[PDB]
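Listed next as structure tokens is one chain, alone, in the form deposited in one PDB entry.
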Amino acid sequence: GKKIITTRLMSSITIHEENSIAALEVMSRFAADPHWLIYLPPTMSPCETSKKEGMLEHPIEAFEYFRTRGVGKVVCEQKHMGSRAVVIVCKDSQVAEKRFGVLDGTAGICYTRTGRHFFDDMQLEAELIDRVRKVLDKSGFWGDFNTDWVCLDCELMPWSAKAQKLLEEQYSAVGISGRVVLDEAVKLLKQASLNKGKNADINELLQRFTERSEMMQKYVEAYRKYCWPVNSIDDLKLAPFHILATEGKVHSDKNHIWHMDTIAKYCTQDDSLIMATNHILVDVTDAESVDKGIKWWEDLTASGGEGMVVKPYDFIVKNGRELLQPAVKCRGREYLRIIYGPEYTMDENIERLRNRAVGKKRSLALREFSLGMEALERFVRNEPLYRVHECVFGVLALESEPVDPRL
């Protein structure tokens, strides 16, 4: 049957039958203990397509999204290319049992956007949780926040730590087949060029395939940047970008500069496993500040960064009664070859990709954002588990709604 959920930010969100059953599958077969699942992160929308020559995404459109909706300042954060990880740390196993109802003796958890343990090996998880516990220990975090637990929203690198089957079966398959035939194509045409249905020109063909070849090479360089071997916990990198909740408080009232600052100070000192996030503040009304944003994004992506997440200065923001995106993604030209394809930048391709519709994606994000906020507030005010769970379950169900996967 149909499921209506009520949230503080949106009073009516429908979960349809199809979606509820698709969620029930993954939730009952592979998910962690539902006592830990107090939140699932939302999906995220990209910006309008760019006009600028040979560009699909560009900072200007994301800046304009907020400026035209009354938001004067945005925080741009590096978009780390990993896997979203929700990290909950308790001071000890007695805190987890008391506060969370968890019975298996653990004092923390790292889970994924679908609610599964990130690590197949519990010891490796416990090890990661313990490194975070010590950093919080030494920074004075527990005392300053009067809490014996914390829920962090993070990215865990490298990508290849979770995506190896995708890399093997899809990404590197395109890369080896692509590099091999495209190089051979160039070589044959060059030989044809030197020994020189409808008529074709040999030199134009050679020029075209030379370009297809150079793009394929750059596509391969792009995916490799986010892969490296993991032989122990020290090859990993955790980058928290939100402090979501501590005892008695959901930190959705704090601005993103606060999140960045508080995280850097309480989480990232003297332990290279836990990294700070490169970020900047941008006044979207000011030409000079916008120029800095652009320059900063251009440098980040030229040095191999995926792109940025553009967030409103305040965590939750509204244009009148209209809820706005809590985040807009704006990804690098080279990174996007992994998403739109190695050859998407060629003229005849990139022009056909400018006409994309983000309306549906934007609506899914708002609804998932609203469910996550509600899950966190219900848990922080001590409502029963099934009230927290229905919001978390709701996020999972909406994620099974079909939508363009390149967004």
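Note that the rigid core is defined as the largest set of C-alphas that superpose within 1.5 Å between two forms. Start at 1 and count along the sequence shown; that's the residue number.
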{"item": "Unmodelled in at least a third of other entries of this protein, residue 254", "value": "no"}
{"item": "At least a third of the other entries leave residue 196 unmodelled", "value": "yes"}
{"item": "Count class of deposited residues lacking coordinates, residue 165 to residue 166", "value": "none"}
{"item": "Which of 76-84 and 291-299 has higher mean CA B factor, as the PDB entry lists it", "value": "291-299"}
{"item": "Greater mean Cα temperature factor according to the PDB record, 388-396 or 14-22", "value": "14-22"}
{"item": "Residue with maximal Cα B-factor (values as given in the PDB entry) among 338, 350, 365, 371", "value": "350"}
{"item": "Residue selected from 314, 184, 153, 121 by maximal Cα B factor", "value": "121"}
{"item": "Third of chain Cα B-factors occupied by residue 117", "value": "middle"}
{"item": "Chain-relative CA temperature factor third for residue 40", "value": "lowest"}
{"item": "Third of chain Cα B-factors occupied by residue 346", "value": "highest"}
{"item": "B-factor third for the C-alpha atom of residue 321 within its chain", "value": "highest"}
{"item": "Chain-relative CA temperature factor third for residue 62", "value": "middle"}
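As for the form deposited in another entry, it is not shown, yet the points below apply to it.
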| query | finding |
| --- | --- |
| Flagged residue of 124, 317, 215, 290 - C-alpha shift reaching 2 Å or more between the shown form and the other one, core superposed | 215 |
| Core-superposed comparison between the shown form and the other one, residue 46 Cα displacement 2 Å or beyond | no |
| Threshold 2 Å Cα movement between the shown form and the other one at residue 340, rigid core reference | no |
| Is_shifted residue 354 between the shown form and the other one (CA, 2 Å cut-off, rigid core) | yes |
| CA-CA separation of residue 116 and residue 164, closer or farther in that other deposited form than in the form shown [shift of 3 angstroms or more] | closer |
| Shift in CA distance, residue 222 and residue 114, in that other deposited form relative to the form shown here, given it is 3 Å or more | closer |
